[PDB]
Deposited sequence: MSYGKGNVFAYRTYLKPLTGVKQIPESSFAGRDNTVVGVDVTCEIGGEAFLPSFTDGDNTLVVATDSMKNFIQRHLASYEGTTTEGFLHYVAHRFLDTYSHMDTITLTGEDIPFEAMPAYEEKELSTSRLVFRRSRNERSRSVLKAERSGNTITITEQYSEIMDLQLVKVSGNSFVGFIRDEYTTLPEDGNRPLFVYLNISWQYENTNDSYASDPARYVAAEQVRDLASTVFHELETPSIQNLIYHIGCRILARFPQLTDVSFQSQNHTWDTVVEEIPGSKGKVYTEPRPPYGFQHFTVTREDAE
């Protein structure tokens, strides 16, 4: 038995910037300015739902951290501490990614700090589940995720995969980026996933996601395991041979797709 609020959109301007992150060779990620941040909160607890909406929104205003993971932790703790009859809470936070656009200023092409695209490509998501037991608050589940990562590799049939990739921290405090060097950014996981795949020669999907997982675990010893939900959406060939050219023509296949669920754990590295 449970209830709550879904589709709670919240946009925050000028959130505290994520700085001092640990950079990896496979990603240019060096932090987040956090000039504009959007999140889509789902709240489930084991009219009152309008209070939940307002509680979530005003807590995004008072939140002084750098990450969605920390925001959910904040909101989770504050819900349990201010509502006595509530025993369980599950929070889901879906990032609305904003990408800075070009700006031509002083005869020099640079990145804007004002104009941002609202992106509909891959997006991070965080889930947090917290319980009352029994005088202290315990975290029952926590993971962060990059969703809807759609990657096609041309030979040099071209493999087109959709990838959701999740990860769980050994130390749950490392997720909130208070110590920024122990935070695993979705940007870095995403770029890792494309650097692997590029380098692997004609790999299978289980082999591809196994190598991505091991590489993420190698690059981030904080993490206990990395899970994958993959989908195969490889195209159908219509013209196999083109005179002169190196390439082929393909088309959209029928709806059926192959999928795999697998998690690479610490021992498997």
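Unmodelled regions (deposited sequence positions with no C-alpha coordinates, counted from 1) are 47 to 62, 173 to 191, 305.
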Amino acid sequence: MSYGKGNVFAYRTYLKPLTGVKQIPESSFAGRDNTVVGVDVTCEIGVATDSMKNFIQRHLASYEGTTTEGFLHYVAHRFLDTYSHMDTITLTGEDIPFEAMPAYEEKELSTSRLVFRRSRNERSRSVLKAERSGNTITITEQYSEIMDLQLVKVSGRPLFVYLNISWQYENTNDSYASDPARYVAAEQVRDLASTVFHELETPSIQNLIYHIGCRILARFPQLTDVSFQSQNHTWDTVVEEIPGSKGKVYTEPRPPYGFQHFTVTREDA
From here on, numbers count along this sequence of modelled residues.
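Checked against the record, the higher mean CA B factor of 200 to 208 and 24 to 32 lies with 200 to 208. Look at the C-alpha B-factors of 188 to 196 and of 128 to 136. On average they run higher in 128 to 136. In this structure the maximum Cα B-factor among 60, 242, 43, 37 is found at 242. Taking the PDB entry at face value, the top CA B factor among 120, 77, 85, 117 belongs to 85. Residue-level temperature factors show residue 158 in the middle third of its chain, judged at the C-alpha atom. Residue 112: CA B factor in the highest third of modelled residues in this chain (values from the PDB entry). Sort the chain's modelled residues by C-alpha temperature factor and residue 183 lands in the middle third, per the entry. Remark: residue 48 belongs to the highest third of its chain, ranked by C-alpha B-factor as recorded. The deposited CA B-factor of residue 104 belongs to the highest third of values across its chain.
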